[PDB]
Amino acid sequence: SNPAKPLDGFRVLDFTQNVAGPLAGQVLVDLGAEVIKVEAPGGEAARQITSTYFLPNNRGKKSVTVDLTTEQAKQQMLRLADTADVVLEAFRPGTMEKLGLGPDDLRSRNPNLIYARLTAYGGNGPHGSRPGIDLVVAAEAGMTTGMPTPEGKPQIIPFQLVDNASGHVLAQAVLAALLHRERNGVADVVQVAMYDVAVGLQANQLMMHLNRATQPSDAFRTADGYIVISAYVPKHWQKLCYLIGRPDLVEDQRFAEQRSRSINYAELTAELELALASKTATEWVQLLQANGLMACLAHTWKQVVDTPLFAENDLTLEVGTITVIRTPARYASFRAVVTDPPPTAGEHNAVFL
């Protein structure tokens, strides 16, 4: 058996490119929807990149090649749009409208269609008019705050956190829209902005500035490497002290309470580091983890994939044979995995064309 999936029998038009838009469509595929990629003749840019970028996010999709400039294609797209339940677009504002395949057009012809648009900054006003990628959006939304570089340069995070988070957020909106149409008969217009998601991820830090304005929980030096320890909770902090051989700290003046600990850290780091000199980080992690503490090694990407934890959670699936990482959400009724390969560019031309 292939057990029923939540989006079985829905069809999505995926006009998106790169990572964020596609991730959302990939989630839709994983949930059983039929997602048809609409790509330029030759294929998306991503296919060509790094001989790679493309394979994770496009497995189990269909593909159609069409030149958006041409009226014939426009017409082909219009006819295709009528049978679609959802449309994904990640172009700049007004470009879809210019193409004659804008929201108002498709919604006029198809009253049931859900239109989801993903943008870097949002089409709202002159400052959101611009184009963006993960890096620039992250920097602009303040993601480099509070991290110091030896050269004094802004710390740029090496992974596509905004693109990836936005992709999931866009998936969320489409599911909410689909439920909305199912229970209220409304074909909504959904908008997700990359800047909005990026701001969301730092919301707690941003909140501090919005209204007229935890120790220990850091990475500490050992004999051989760094260990990450978070043990500021009361039961936890005393257990940490006993374990590292300093019971004076548990009740000692200046570290007794979290506020003191938090205020007084520098000294805390010194005491803790002096104590942690006695063992290697791996030794310490084994000790603390056994005693119910939250401690780990700051793994590198090469290390993470070779850990038992990564193996335990079945994060990888083979594609018929490249290995890719699956979407996080997991379900008991069906597998939110899919094993088919990505469509070749325009593979499903004539099926839908």
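Start at 1 and count along the sequence shown; that's the residue number.
*Asks:* I want to verify a possible break: how many residues of the deposited sequence sit between residue 213 and residue 214 without any coordinates (none, 1 to 3, 4 to 9, 10 or more)?
*Replies:* A long stretch, 10 or more residues, is missing between them.
*Asks:* How big is the unmodelled gap, if any, between residue 51 and residue 52 relative to the deposited sequence? Choose none, 1 to 3, 4 to 9, or 10 or more.
*Replies:* 4 to 9 residues lack coordinates between residue 51 and residue 52.
*Asks:* Taking the mean of the C-alpha B-factors per stretch from the entry, tell me the winner out of 36-44 and 293-301.
*Replies:* The deposited B-factors put 36-44 ahead on the C-alpha mean.
*Asks:* Hey, which bit's got the bigger mean C-alpha B factor in the entry, 130-138 or 248-256?
*Replies:* Stretch with the greater average CA B-factor: 248-256.
*Asks:* Just grab whichever of 106, 208, 147, 86 has the top CA B-factor as deposited.
*Replies:* That would be 106, according to the entry.
*Asks:* Have a look at 158, 167, 200, 111 and flag the one whose Cα has the highest B-factor in the entry.
*Replies:* Highest C-alpha B-factor among the listed residues goes to 111.
*Asks:* Would you check the entry's CA temperature factor for residue 320 and let me know if it's in the chain's lowest, middle or highest third?
*Replies:* Highest third, going by the recorded CA B-factors of the chain.
*Asks:* Which third, lowest, middle or highest, does the C-alpha temperature factor of residue 196 belong to within its own chain?
*Replies:* Lowest third of the chain for residue 196's C-alpha B-factor.
*Asks:* Among the chain's modelled residues, which third holds the C-alpha B-factor of residue 70?
*Replies:* Top third by C-alpha B-factor.
*Asks:* Sort the modelled residues of this chain by their C-alpha B factor and say whether residue 6 lands in the lowest, middle or highest third.
*Replies:* CA B-factor rank for residue 6: middle third.
*Asks:* Quick check on the deposited entry: does the C-alpha B-factor of residue 81 sit in the lowest, middle or highest third of its chain?
*Replies:* Middle third.
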